[PDB]
$ cat model_34.cif   # mmCIF, C-alpha atoms and all ligand atoms
data_model
loop_
_atom_site.label_atom_id
_atom_site.label_comp_id
_atom_site.auth_asym_id
_atom_site.auth_seq_id
_atom_site.Cartn_x
_atom_site.Cartn_y
_atom_site.Cartn_z
CA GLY A 4 -13.97 7.02 14.28
CA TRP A 5 -11.04 7.90 11.94
CA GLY A 6 -10.49 9.06 8.39
CA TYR A 7 -8.58 11.63 6.37
CA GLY A 8 -10.72 14.73 6.96
CA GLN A 9 -10.04 17.91 8.89
CA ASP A 10 -11.40 16.54 12.19
CA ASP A 11 -10.62 12.78 12.02
CA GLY A 12 -7.34 12.70 10.06
CA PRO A 13 -3.82 11.48 10.82
CA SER A 14 -2.76 14.26 13.24
CA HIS A 15 -5.64 13.14 15.53
CA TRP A 16 -5.36 9.32 15.27
CA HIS A 17 -3.25 9.16 18.45
CA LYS A 18 -6.39 10.10 20.46
CA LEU A 19 -7.76 6.63 19.51
CA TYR A 20 -4.54 4.60 18.98
CA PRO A 21 -1.68 5.85 21.16
CA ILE A 22 0.79 3.64 19.22
CA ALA A 23 0.43 6.36 16.54
CA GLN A 24 3.32 8.01 18.50
CA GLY A 25 5.38 4.75 18.77
CA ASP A 26 8.96 3.96 17.81
CA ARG A 27 8.21 1.90 14.67
CA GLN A 28 5.61 4.01 12.77
CA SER A 29 5.15 4.25 9.00
CA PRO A 30 5.42 5.77 6.50
CA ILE A 31 8.83 7.55 6.55
CA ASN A 32 10.83 9.94 4.42
CA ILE A 33 13.61 7.82 2.89
CA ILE A 34 16.81 9.89 2.78
CA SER A 35 18.51 7.94 0.00
CA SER A 36 22.09 9.04 1.04
CA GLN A 37 21.42 7.75 4.61
CA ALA A 38 20.17 4.25 3.62
CA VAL A 39 22.74 1.42 4.33
CA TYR A 40 23.65 -0.75 1.32
CA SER A 41 22.97 -4.33 2.60
CA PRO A 42 24.48 -6.91 0.15
CA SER A 43 23.66 -9.76 2.66
CA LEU A 44 19.89 -9.32 1.72
CA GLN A 45 18.57 -12.12 -0.64
CA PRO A 46 17.07 -11.18 -4.06
CA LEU A 47 13.46 -10.04 -3.78
CA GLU A 48 11.02 -12.35 -5.57
CA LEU A 49 7.39 -11.41 -6.20
CA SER A 50 6.02 -14.82 -7.33
CA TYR A 51 2.45 -13.98 -8.35
CA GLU A 52 -0.11 -16.12 -10.20
CA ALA A 53 -2.47 -14.59 -12.75
CA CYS A 54 -5.87 -15.80 -11.41
CA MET A 55 -5.84 -15.44 -7.61
CA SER A 56 -7.85 -12.15 -7.42
CA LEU A 57 -11.39 -12.24 -6.01
CA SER A 58 -12.97 -8.80 -5.74
CA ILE A 59 -12.51 -5.03 -5.80
CA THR A 60 -14.01 -3.04 -2.86
CA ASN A 61 -14.43 0.59 -1.82
CA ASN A 62 -13.98 0.26 1.98
CA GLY A 63 -14.37 4.01 2.64
CA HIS A 64 -10.58 4.55 2.99
CA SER A 65 -9.18 3.12 -0.28
CA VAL A 66 -10.01 0.81 -3.18
CA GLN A 67 -8.78 -2.68 -2.42
CA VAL A 68 -8.37 -5.88 -4.48
CA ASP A 69 -8.61 -9.06 -2.38
CA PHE A 70 -6.91 -12.40 -3.15
CA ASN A 71 -7.36 -16.07 -2.36
CA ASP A 72 -4.65 -16.63 0.27
CA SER A 73 -5.57 -20.21 1.27
CA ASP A 74 -2.08 -21.44 0.13
CA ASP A 75 1.43 -20.08 -0.66
CA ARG A 76 0.85 -19.69 -4.50
CA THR A 77 1.06 -15.84 -4.59
CA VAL A 78 3.92 -14.79 -2.33
CA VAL A 79 6.79 -12.45 -1.70
CA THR A 80 10.08 -13.96 -0.54
CA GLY A 81 13.71 -12.98 -0.24
CA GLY A 82 14.98 -9.50 0.38
CA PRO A 83 14.72 -8.99 4.18
CA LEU A 84 12.13 -11.78 4.69
CA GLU A 85 12.38 -15.12 6.54
CA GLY A 86 10.32 -17.30 4.27
CA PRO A 87 7.32 -16.60 2.07
CA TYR A 88 4.51 -14.14 2.88
CA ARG A 89 1.17 -14.67 1.08
CA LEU A 90 -0.58 -11.79 -0.72
CA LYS A 91 -3.88 -10.86 1.03
CA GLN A 92 -4.83 -7.68 -0.83
CA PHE A 93 -3.53 -4.59 -2.55
CA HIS A 94 -4.79 -1.02 -2.33
CA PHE A 95 -3.74 2.56 -3.09
CA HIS A 96 -3.21 5.98 -1.50
CA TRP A 97 -3.45 9.12 -3.62
CA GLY A 98 -3.82 12.89 -3.63
CA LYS A 99 -6.36 15.58 -4.53
CA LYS A 100 -3.67 17.20 -6.69
CA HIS A 101 -0.83 15.72 -8.75
CA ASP A 102 2.17 16.69 -6.39
CA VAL A 103 0.93 14.72 -3.26
CA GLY A 104 -0.59 11.36 -2.52
CA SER A 105 2.14 8.87 -1.64
CA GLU A 106 2.74 7.84 1.96
CA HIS A 107 6.48 7.26 1.71
CA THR A 108 8.58 10.11 0.34
CA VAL A 109 12.10 9.93 -1.09
CA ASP A 110 14.41 12.86 -0.19
CA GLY A 111 11.27 14.87 0.60
CA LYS A 112 9.64 14.11 -2.77
CA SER A 113 6.05 12.75 -2.92
CA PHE A 114 4.47 10.86 -5.81
CA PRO A 115 0.84 11.25 -6.86
CA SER A 116 -0.02 7.73 -5.61
CA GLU A 117 1.42 4.67 -3.86
CA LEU A 118 0.37 1.02 -4.27
CA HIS A 119 0.60 -1.31 -1.25
CA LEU A 120 0.77 -5.08 -1.81
CA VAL A 121 -0.09 -6.52 1.62
CA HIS A 122 1.32 -9.96 2.56
CA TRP A 123 1.21 -12.03 5.74
CA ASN A 124 3.21 -14.80 7.40
CA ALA A 125 0.71 -17.67 7.03
CA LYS A 126 3.45 -20.22 7.78
CA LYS A 127 3.64 -18.91 11.38
CA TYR A 128 0.21 -17.33 12.13
CA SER A 129 -3.31 -18.75 11.86
CA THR A 130 -5.05 -15.58 10.50
CA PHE A 131 -4.19 -12.29 8.89
CA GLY A 132 -5.44 -10.47 12.05
CA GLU A 133 -3.10 -12.55 14.25
CA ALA A 134 -0.16 -11.81 11.92
CA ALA A 135 -1.11 -8.09 11.92
CA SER A 136 -0.38 -8.07 15.75
CA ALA A 137 3.17 -9.54 15.48
CA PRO A 138 6.49 -7.77 14.60
CA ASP A 139 7.26 -10.40 11.90
CA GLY A 140 3.62 -10.82 10.80
CA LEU A 141 3.27 -8.64 7.68
CA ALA A 142 5.29 -7.61 4.65
CA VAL A 143 4.07 -4.68 2.55
CA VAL A 144 5.61 -3.95 -0.84
CA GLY A 145 5.19 -0.32 -1.78
CA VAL A 146 5.27 0.89 -5.41
CA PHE A 147 5.22 4.58 -6.31
CA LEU A 148 3.02 5.75 -9.18
CA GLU A 149 3.95 8.73 -11.35
CA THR A 150 1.85 10.18 -14.15
CA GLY A 151 2.98 9.76 -17.71
CA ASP A 152 2.07 7.20 -20.36
CA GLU A 153 -1.08 5.08 -20.03
CA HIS A 154 -0.51 1.77 -18.24
CA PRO A 155 -2.33 -1.01 -20.18
CA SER A 156 -3.09 -3.39 -17.26
CA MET A 157 -4.18 -0.45 -15.09
CA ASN A 158 -7.09 0.08 -17.55
CA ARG A 159 -8.79 -2.97 -16.29
CA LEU A 160 -8.61 -1.62 -12.78
CA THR A 161 -9.59 1.97 -13.60
CA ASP A 162 -12.56 0.76 -15.74
CA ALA A 163 -13.82 -1.21 -12.71
CA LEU A 164 -13.84 1.84 -10.39
CA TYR A 165 -17.27 3.14 -11.56
CA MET A 166 -19.03 0.10 -10.04
CA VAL A 167 -17.29 0.71 -6.65
CA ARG A 168 -17.60 4.52 -6.54
CA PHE A 169 -19.64 4.49 -3.31
CA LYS A 170 -18.31 3.47 0.10
CA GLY A 171 -19.22 -0.13 1.02
CA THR A 172 -19.59 -1.46 -2.57
CA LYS A 173 -17.82 -4.41 -4.14
CA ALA A 174 -17.51 -6.16 -7.52
CA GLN A 175 -16.08 -9.45 -8.71
CA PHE A 176 -12.54 -8.99 -10.09
CA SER A 177 -11.11 -12.22 -11.51
CA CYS A 178 -7.78 -12.94 -13.27
CA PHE A 179 -6.01 -9.72 -12.35
CA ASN A 180 -2.27 -10.48 -12.10
CA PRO A 181 -0.67 -8.07 -9.58
CA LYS A 182 2.70 -8.64 -11.32
CA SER A 183 1.33 -6.29 -14.01
CA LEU A 184 1.63 -3.36 -11.52
CA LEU A 185 5.34 -3.93 -10.84
CA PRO A 186 8.29 -2.02 -12.33
CA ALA A 187 11.09 -3.86 -14.19
CA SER A 188 13.56 -3.33 -11.29
CA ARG A 189 13.42 -5.29 -7.97
CA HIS A 190 15.71 -2.84 -6.15
CA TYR A 191 14.23 -1.65 -2.86
CA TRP A 192 14.59 0.01 0.52
CA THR A 193 13.48 -1.92 3.63
CA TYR A 194 12.86 -0.95 7.25
CA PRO A 195 10.76 -2.18 10.21
CA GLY A 196 7.52 -0.24 10.50
CA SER A 197 3.77 -0.24 10.95
CA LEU A 198 0.37 -0.28 9.34
CA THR A 199 -0.29 3.25 8.03
CA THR A 200 -3.95 3.20 9.14
CA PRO A 201 -5.54 2.35 12.47
CA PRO A 202 -4.80 0.18 14.38
CA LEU A 203 -1.24 1.33 13.42
CA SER A 204 0.29 -1.96 14.66
CA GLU A 205 4.08 -2.24 14.43
CA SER A 206 3.90 -5.53 12.50
CA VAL A 207 5.19 -4.58 9.01
CA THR A 208 8.44 -5.26 7.21
CA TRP A 209 8.32 -2.49 4.59
CA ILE A 210 9.81 -3.13 1.14
CA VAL A 211 9.60 0.08 -0.89
CA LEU A 212 10.59 -0.38 -4.56
CA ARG A 213 13.07 2.12 -5.95
CA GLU A 214 11.48 2.41 -9.42
CA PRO A 215 7.99 3.90 -9.90
CA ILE A 216 5.39 2.75 -12.41
CA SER A 217 3.63 5.20 -14.74
CA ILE A 218 -0.10 5.64 -15.29
CA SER A 219 -1.88 8.30 -17.34
CA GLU A 220 -3.53 11.39 -15.90
CA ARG A 221 -6.90 9.96 -17.10
CA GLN A 222 -6.17 6.77 -15.12
CA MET A 223 -5.10 8.74 -12.02
CA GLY A 224 -8.36 10.76 -12.44
CA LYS A 225 -10.52 7.61 -12.16
CA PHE A 226 -9.14 7.11 -8.57
CA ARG A 227 -10.22 10.67 -7.69
CA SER A 228 -13.77 9.76 -8.98
CA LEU A 229 -14.18 7.36 -6.00
CA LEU A 230 -16.11 8.58 -2.95
CA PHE A 231 -15.51 8.41 0.80
CA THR A 232 -19.35 8.50 1.10
CA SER A 233 -22.25 6.02 0.67
CA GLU A 234 -24.91 6.34 -2.11
CA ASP A 235 -27.34 8.53 -0.06
CA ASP A 236 -24.81 10.99 1.52
CA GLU A 237 -23.59 14.33 0.08
CA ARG A 238 -20.65 13.33 -2.19
CA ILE A 239 -17.14 13.68 -0.75
CA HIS A 240 -14.41 12.50 -3.16
CA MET A 241 -11.81 10.00 -1.92
CA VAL A 242 -8.57 12.02 -2.17
CA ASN A 243 -5.60 12.69 0.17
CA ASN A 244 -6.12 9.25 1.77
CA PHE A 245 -2.47 9.12 2.99
CA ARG A 246 -0.65 9.34 6.30
CA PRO A 247 2.41 11.64 6.19
CA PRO A 248 5.97 10.64 7.16
CA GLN A 249 6.60 9.67 10.79
CA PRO A 250 9.75 9.99 12.94
CA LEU A 251 12.51 7.49 12.11
CA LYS A 252 13.49 7.12 15.84
CA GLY A 253 16.92 5.64 15.05
CA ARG A 254 15.70 2.85 12.70
CA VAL A 255 18.09 1.66 9.95
CA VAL A 256 16.81 1.97 6.33
CA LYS A 257 18.57 -0.70 4.26
CA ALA A 258 18.97 -0.51 0.46
CA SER A 259 19.48 -3.41 -1.99
CA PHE A 260 21.50 -1.01 -4.23
CA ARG A 261 24.07 1.82 -4.11
CA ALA A 262 22.46 5.23 -4.85
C1 LIG B 1 -11.39 -8.42 13.62
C2 LIG B 1 -10.77 -7.01 13.65
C3 LIG B 1 -9.68 -6.87 12.63
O1 LIG B 1 -9.41 -7.84 11.90
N1 LIG B 1 -8.97 -5.69 12.54
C4 LIG B 1 -9.23 -4.64 13.45
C5 LIG B 1 -10.39 -3.88 13.31
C6 LIG B 1 -10.61 -2.84 14.19
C7 LIG B 1 -9.69 -2.56 15.18
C8 LIG B 1 -8.53 -3.30 15.32
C9 LIG B 1 -8.31 -4.36 14.47
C10 LIG B 1 -7.91 -5.56 11.51
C11 LIG B 1 -8.37 -5.21 10.08
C12 LIG B 1 -7.28 -5.23 9.04
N2 LIG B 1 -6.18 -4.49 9.55
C13 LIG B 1 -5.13 -4.15 8.59
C14 LIG B 1 -5.52 -3.57 7.28
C15 LIG B 1 -4.37 -2.81 6.70
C16 LIG B 1 -4.19 -1.47 7.04
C17 LIG B 1 -3.13 -0.76 6.50
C18 LIG B 1 -2.25 -1.34 5.59
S1 LIG B 1 -0.94 -0.41 4.88
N3 LIG B 1 -1.55 0.93 4.36
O2 LIG B 1 -0.02 -0.16 5.97
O3 LIG B 1 -0.48 -1.19 3.78
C19 LIG B 1 -2.43 -2.69 5.25
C20 LIG B 1 -3.48 -3.39 5.82
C21 LIG B 1 -5.65 -5.09 10.76
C22 LIG B 1 -6.62 -4.97 11.91
ZN ZN B 2 -1.62 1.27 2.45
#
$ encode --input "model_34.cif" --output "structure tokens"
Amino acid sequence: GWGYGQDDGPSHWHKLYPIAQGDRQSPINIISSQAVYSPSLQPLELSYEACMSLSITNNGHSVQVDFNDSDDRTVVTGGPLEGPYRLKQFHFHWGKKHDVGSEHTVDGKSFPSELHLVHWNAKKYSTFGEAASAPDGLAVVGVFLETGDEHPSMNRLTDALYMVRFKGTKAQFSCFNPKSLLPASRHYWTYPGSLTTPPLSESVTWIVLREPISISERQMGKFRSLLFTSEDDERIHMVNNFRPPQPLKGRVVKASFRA
């Protein structure tokens, strides 16, 4: 009952999920001069193994890579977090055109895409869906994508997109190391927020990396080849699958660095 189209998109989600208008909603516009330098934060560590990936799926809203999360091998820790959070999946949000697509903005600027690495507190909660209910349940690391030079590791991912072009399709996707999609800096902004899709639960500690990664225009194009639609339906391309910035409502954005 929701999507990113004219009639079912983000401005209407509150008709289904009233928490859409809550006090802890994501994404936000990060005003870099208004973030609080927080030197008490621990270093951010993205401790990822190379062969924990399972599959790549077009779920009708994004393309998503799922991981084995049966133990704390592939985790985020430090920064704002109390203890390790296990990687469940990563996915992307992107635009129809090159000047939009990210969920977070920085001083009003959008990027063409944003990667979300979705982690959960498996030490405290039984299931991902239980963690997704709780204020301390999830940690999402956001990485901006800009267009520029070709990204070598991204080729594996963009070559796999053909086989998941239609909604509801999946392919095996082994030995993809998500560390390959990280920038060389671990500087970040962090704030308490929400899932950016229904059910919009206010369960996420956001960690938005300062430094983007680069992919080529050809690579960005392969994302726009994906479809919102199943094999038999009139083709609608998967583009503009982002929620825009939400009201800060007095939350504190912390920064690991001085701007
Ligand atoms: C058994 C039912 C069930 O498990 N769910 C459910 C289904 C229908 C209605 C209510 C709950 C859940 C399905 C997964 N979902 C979270 C997915 C998600 C969404 C956005 C991000 S982002 N963009 O913020 O990084 C990251 C992760 C939590 C609820
Ligand atoms: Zn997301």
$ residues_around --input "model_34.cif" --residues "segment 37-46 of chain A" --least-positions-apart "3" --cutoff "12 Å" --atoms "only C-alpha atoms" --output "PDB file with C-alpha atoms, keeping the file's coordinate frame"
ATOM      1  CA  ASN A  32      10.830   9.940   4.420  1.00  0.00           C
ATOM      2  CA  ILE A  33      13.610   7.820   2.890  1.00  0.00           C
ATOM      3  CA  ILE A  34      16.810   9.890   2.780  1.00  0.00           C
ATOM      4  CA  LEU A  49       7.390 -11.410  -6.200  1.00  0.00           C
ATOM      5  CA  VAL A  79       6.790 -12.450  -1.700  1.00  0.00           C
ATOM      6  CA  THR A  80      10.080 -13.960  -0.540  1.00  0.00           C
ATOM      7  CA  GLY A  81      13.710 -12.980  -0.240  1.00  0.00           C
ATOM      8  CA  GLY A  82      14.980  -9.500   0.380  1.00  0.00           C
ATOM      9  CA  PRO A  83      14.720  -8.990   4.180  1.00  0.00           C
ATOM     10  CA  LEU A  84      12.130 -11.780   4.690  1.00  0.00           C
ATOM     11  CA  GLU A  85      12.380 -15.120   6.540  1.00  0.00           C
ATOM     12  CA  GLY A  86      10.320 -17.300   4.270  1.00  0.00           C
ATOM     13  CA  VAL A 109      12.100   9.930  -1.090  1.00  0.00           C
ATOM     14  CA  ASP A 110      14.410  12.860  -0.190  1.00  0.00           C
ATOM     15  CA  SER A 188      13.560  -3.330 -11.290  1.00  0.00           C
ATOM     16  CA  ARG A 189      13.420  -5.290  -7.970  1.00  0.00           C
ATOM     17  CA  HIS A 190      15.710  -2.840  -6.150  1.00  0.00           C
ATOM     18  CA  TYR A 191      14.230  -1.650  -2.860  1.00  0.00           C
ATOM     19  CA  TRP A 192      14.590   0.010   0.520  1.00  0.00           C
ATOM     20  CA  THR A 193      13.480  -1.920   3.630  1.00  0.00           C
ATOM     21  CA  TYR A 194      12.860  -0.950   7.250  1.00  0.00           C
ATOM     22  CA  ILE A 210       9.810  -3.130   1.140  1.00  0.00           C
ATOM     23  CA  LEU A 251      12.510   7.490  12.110  1.00  0.00           C
ATOM     24  CA  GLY A 253      16.920   5.640  15.050  1.00  0.00           C
ATOM     25  CA  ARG A 254      15.700   2.850  12.700  1.00  0.00           C
ATOM     26  CA  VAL A 255      18.090   1.660   9.950  1.00  0.00           C
ATOM     27  CA  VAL A 256      16.810   1.970   6.330  1.00  0.00           C
ATOM     28  CA  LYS A 257      18.570  -0.700   4.260  1.00  0.00           C
ATOM     29  CA  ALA A 258      18.970  -0.510   0.460  1.00  0.00           C
ATOM     30  CA  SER A 259      19.480  -3.410  -1.990  1.00  0.00           C
ATOM     31  CA  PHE A 260      21.500  -1.010  -4.230  1.00  0.00           C
ATOM     32  CA  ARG A 261      24.070   1.820  -4.110  1.00  0.00           C
ATOM     33  CA  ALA A 262      22.460   5.230  -4.850  1.00  0.00           C
TER      34      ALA A 262
END
$ residues_around --input "model_34.cif" --residues "residue 131 of chain A" --least-positions-apart "6" --cutoff "10 Å" --atoms "all atoms listed in the file" --output "list in words"
residues 72, 89, 91, 122, 123, 124, 125, 140 and 141 of chain A
$ closest_atom_pairs --input "model_34.cif" --of "chain A" --to "ligand ZN 2 (chain B)" --cutoff "10 Å" --atoms "all atoms listed in the file" --output "JSON lines"
{"residue": "A:29", "atom": "CA", "partner": "B:ZN2", "partner_atom": "ZN", "distance": 9.9}
{"residue": "A:30", "atom": "CA", "partner": "B:ZN2", "partner_atom": "ZN", "distance": 9.3}
{"residue": "A:64", "atom": "CA", "partner": "B:ZN2", "partner_atom": "ZN", "distance": 9.6}
{"residue": "A:65", "atom": "CA", "partner": "B:ZN2", "partner_atom": "ZN", "distance": 8.2}
{"residue": "A:67", "atom": "CA", "partner": "B:ZN2", "partner_atom": "ZN", "distance": 9.5}
{"residue": "A:93", "atom": "CA", "partner": "B:ZN2", "partner_atom": "ZN", "distance": 7.9}
{"residue": "A:94", "atom": "CA", "partner": "B:ZN2", "partner_atom": "ZN", "distance": 6.2}
{"residue": "A:95", "atom": "CA", "partner": "B:ZN2", "partner_atom": "ZN", "distance": 6.1}
{"residue": "A:96", "atom": "CA", "partner": "B:ZN2", "partner_atom": "ZN", "distance": 6.3}
{"residue": "A:105", "atom": "CA", "partner": "B:ZN2", "partner_atom": "ZN", "distance": 9.4}
{"residue": "A:106", "atom": "CA", "partner": "B:ZN2", "partner_atom": "ZN", "distance": 7.9}
{"residue": "A:117", "atom": "CA", "partner": "B:ZN2", "partner_atom": "ZN", "distance": 7.8}
{"residue": "A:118", "atom": "CA", "partner": "B:ZN2", "partner_atom": "ZN", "distance": 7.0}
{"residue": "A:119", "atom": "CA", "partner": "B:ZN2", "partner_atom": "ZN", "distance": 5.0}
{"residue": "A:120", "atom": "CA", "partner": "B:ZN2", "partner_atom": "ZN", "distance": 8.0}
{"residue": "A:121", "atom": "CA", "partner": "B:ZN2", "partner_atom": "ZN", "distance": 8.0}
{"residue": "A:143", "atom": "CA", "partner": "B:ZN2", "partner_atom": "ZN", "distance": 8.2}
{"residue": "A:144", "atom": "CA", "partner": "B:ZN2", "partner_atom": "ZN", "distance": 9.5}
{"residue": "A:145", "atom": "CA", "partner": "B:ZN2", "partner_atom": "ZN", "distance": 8.2}
{"residue": "A:198", "atom": "CA", "partner": "B:ZN2", "partner_atom": "ZN", "distance": 7.3}
{"residue": "A:199", "atom": "CA", "partner": "B:ZN2", "partner_atom": "ZN", "distance": 6.1}
{"residue": "A:200", "atom": "CA", "partner": "B:ZN2", "partner_atom": "ZN", "distance": 7.3}
{"residue": "A:244", "atom": "CA", "partner": "B:ZN2", "partner_atom": "ZN", "distance": 9.2}
{"residue": "A:245", "atom": "CA", "partner": "B:ZN2", "partner_atom": "ZN", "distance": 7.9}
{"residue": "A:246", "atom": "CA", "partner": "B:ZN2", "partner_atom": "ZN", "distance": 9.0}
$ residues_around --input "model_34.cif" --residues "residue 149 of chain A" --least-positions-apart "5" --cutoff "8 Å" --atoms "only C-alpha atoms" --output "ChimeraX atom specification"
/A:114-116,215-218
$ atom_distance --input "model_34.cif" --atom1 "atom CA of residue 15 of chain A" --atom2 "atom CA of residue 101 of chain A"
24.9 Å
$ closest_residue --input "model_34.cif" --among "A:107, A:99, A:154, A:240" --to "ligand LIG 1 (chain B)" --atoms "only C-alpha atoms and all ligand atoms"
A:107
$ closest_residue --input "model_34.cif" --among "A:113, A:180, A:28, A:50" --to "ligand LIG 1 (chain B)" --atoms "all atoms listed in the file"
A:28
$ atom_distance --input "model_34.cif" --atom1 "atom CA of residue 213 of chain A" --atom2 "atom CA of residue 187 of chain A"
10.4 Å
$ residues_around --input "model_34.cif" --residues "residue 241 of chain A" --least-positions-apart "4" --cutoff "9 Å" --atoms "all atoms listed in the file" --output "list in words"
residues 63, 64, 65, 97, 98, 99, 226, 227, 228, 229, 230, 231 and 232 of chain A
$ decode --input "model_34.cif" --residues "segment 199-219 of chain A" --atoms "C-alpha atoms" --output "JSON list (two decimals), in the first residue's frame"
[["chain", "number", "residue", "atom", "x", "y", "z"],
["A", 199, "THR", "CA", 13.12, 5.66, 6.03],
["A", 200, "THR", "CA", 10.41, 3.30, 4.69],
["A", 201, "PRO", "CA", 7.26, 1.96, 6.30],
["A", 202, "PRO", "CA", 6.85, 1.03, 9.10],
["A", 203, "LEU", "CA", 9.01, 4.16, 9.83],
["A", 204, "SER", "CA", 9.90, 2.86, 13.33],
["A", 205, "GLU", "CA", 12.08, 5.14, 15.45],
["A", 206, "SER", "CA", 14.65, 2.40, 16.11],
["A", 207, "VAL", "CA", 17.75, 3.60, 14.18],
["A", 208, "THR", "CA", 21.05, 5.07, 15.31],
["A", 209, "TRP", "CA", 22.12, 6.77, 12.07],
["A", 210, "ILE", "CA", 25.83, 6.93, 11.21],
["A", 211, "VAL", "CA", 26.25, 8.96, 8.01],
["A", 212, "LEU", "CA", 29.82, 8.90, 6.64],
["A", 213, "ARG", "CA", 31.32, 12.26, 5.73],
["A", 214, "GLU", "CA", 33.19, 11.06, 2.62],
["A", 215, "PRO", "CA", 31.31, 9.80, -0.47],
["A", 216, "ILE", "CA", 32.39, 6.97, -2.75],
["A", 217, "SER", "CA", 32.53, 7.37, -6.53],
["A", 218, "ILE", "CA", 30.95, 5.16, -9.18],
["A", 219, "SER", "CA", 30.78, 5.74, -12.94]]
